[PDB]
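Scope of the values below: all heavy atoms of this structure, side chains included, with no hydrogens, waters or symmetry mates. Lettering follows sequence order; numbering is per chain, from 1. Ligands are counted one by one from 1 in listed order, and the atoms in each one are counted from 1 as well.
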2 protein chains.
Amino acid sequence: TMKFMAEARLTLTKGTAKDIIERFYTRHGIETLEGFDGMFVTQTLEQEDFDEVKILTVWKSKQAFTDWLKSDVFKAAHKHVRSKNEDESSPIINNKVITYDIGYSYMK
Amino acid sequence: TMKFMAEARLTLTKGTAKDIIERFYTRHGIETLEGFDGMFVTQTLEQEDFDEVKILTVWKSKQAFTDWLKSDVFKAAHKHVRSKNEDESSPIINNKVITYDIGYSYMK
Ligand code: HEM
Ligand code: HEM
């Protein structure tokens, strides 16, 4: 079932992680995708200059994730999302996307 | 309840990830710890010179994880694990441990 993971790694103004994280309590339709299995939003411990928040998403296939990226619900979730280069008031400093095959999983 | 994540990031000789990942199909007792919630073992996509394998573990608390680190089941799991510096035949070149608070999670 859980075969592919996509991560968005966000670099944020120090101290703004809690505010960004609370936004994830509200669904925007990712849950409607048959291929979507789950998500974790993490804050990296022991960071000096910036906060780091990772959004980890777990999928039945790479295709489920690639379709999501192109979907209306992805657009809806990210409609009002701006990075500092687009809106100076945004705490989002940098973003990188990393993808993975999940070779083994076990949820207790 | 998934409040803490610990990651072991392994840098491996290119082409050896499959062999290493298969080892994780065998449990060594981590599942017996109340504070353990689950694990994923991933291979990073698009890596050029080395394979990258991550072991992600999800816990009810940091204490659950640090207790496991010094536990007998940790030793049982890692008893016959060697890196290249200890045994040149090992494809395990380097390791880094990263820890995280989990601020939000949802499994569909
Ligand atoms: C690349 C630049 C990105 C930025 C700056 C960003 C930031 C954000 C923010 C702030 C939210 C919360 C929206 C709100 O409720 O106000 C959100 C939603 C979300 N993001 Fe992104 N994100 C990016 C791309 C990605 C990627 C590649 C993934 C794939 C893992 C991802 C995963 C998610 C998920 C799962 C949600 C909630 C979706 C839903 O509930 O329907 N994000 N993103
Ligand atoms: C940093 C040095 C480490 C290396 C080189 C390493 C490598 C390995 C290998 C090769 C195995 C498979 C053993 C087998 O069945 O033959 C294993 C077991 C495992 N490793 Fe590690 N590991 C390290 C530390 C960690 C850390 C910090 C974590 C925490 C996320 C972790 C998570 C796990 C888990 C959950 C298992 C299976 C435990 C069980 O089933 O009881 N490892 N490790």
statement: Atoms of ligand 1 under 4.0 Å from any heavy atom of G29(A), numbered from 1 in the order shown, are 41 (O)

statement: With heavy atoms and a 4.0 Å threshold, my read on which part of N95(B) contacts ligand 2 is side chain

field: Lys/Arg-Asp/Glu bridge criterion (N-O < 4.0 Å) met for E22(A), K18(A)
entry: yes

- prompt: Which of the numbered atoms in ligand 1 are below 4.0 angstrom from a heavy atom of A6(A)?
  reply: 30 (C)

query: At under 4.0 Å between heavy atoms, which part of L10(B) makes contact with ligand 2: side chain, backbone, both or neither?
result: side chain

- line: re atom 10 (C) of ligand 1, the protein heavy-atom contact at minimum distance is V81(A) CG2, 3.9 Å

message: Measuring only between side-chain heavy atoms, which start at C-beta, is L10(B) closer than 4.5 Å to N94(B)?
response: no

query: Is any side-chain N of the basic residue among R23(A) and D19(A) closer than 4.0 Å to the acidic one's carboxylate O?
result: yes

task: State if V73(A) counts as touching ligand 1 under the rule of any non-hydrogen atom under 4.0 Å.
output: no

statement: Residue, atom and distance of the protein heavy atom nearest atom 31 (C) of ligand 1 read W68(A) CH2, 3.7 Å

query: Which heavy-atom pair separates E34(B) from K108(A) by the least distance, and what is that distance?
result: O-NZ, 3.1 Å

- prompt: Which of the atoms in ligand 1, numbered in the order shown and given with their element, are less than 4.0 Å from a heavy-atom of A77(A)?
  reply: 13 (C), 38 (C)

message: With a 4.0 Å cut-off on N to O distance, would you call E52(B) and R9(B) a salt bridge?
response: yes

message: Please compare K96(A), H78(A), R82(A) and report which has the shortest non-hydrogen distance to atom 43 (N) of ligand 1.
response: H78(A)

query: Roughly how far apart are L56(A) CG and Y104(B) OH, rounded to 0.5 Å?
result: 13.5 Å

- prompt: Looking at ligand 1, does any of its N/O atoms fall within less than 3.5 Å of an N/O of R27(A)?
  reply: yes

- prompt: Which residue and non-hydrogen atom of the protein lie closest to atom 27 (C) of ligand 1, and at what distance in Å?
  reply: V97(A) CG2, 3.6 Å

field: Nearest-neighbour protein heavy atom for atom 17 (C) of ligand 2, which is reported as residue plus atom name and distance
entry: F24(B) CE2, 3.4 Å

From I21(A) atom CD1 to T16(A) atom OG1, the distance as rounded to the nearest 0.5 Å: 9.0 Å

field: For atom 26 (C) of ligand 2, the protein heavy atom that lies nearest, with its residue and separation
entry: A8(B) CB, 3.6 Å

message: Please determine whether residues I102(A) and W59(A) belong to a single hydrophobic cluster, defined as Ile, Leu, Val, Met, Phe, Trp and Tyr linked transitively by side-chain heavy-atom distances below 4.5 Å.
response: no

- prompt: Any idea which heavy atoms bring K60(A) and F36(A) closest together, and the distance?
  reply: NZ-O, 4.2 Å

query: Does an N or O from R23(B), backbone or side chain, lie closer than 3.5 Å to an N or O of ligand 2?
result: yes

query: Can an N or O of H28(A) be found at a distance shorter than 3.5 Å from an N or O of ligand 1?
result: yes

query: Short N/O distance, under 3.5 Å, between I30(A) and ligand 1?
result: yes

- prompt: Just distances here: any N/O of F65(A) and N/O of ligand 1 closer than 3.5 Å?
  reply: no

- prompt: Which ligand 1 atoms does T57(A) reach within 4.0 Å, using its non-hydrogen atoms?
  reply: 29 (C), 30 (C), 35 (C)

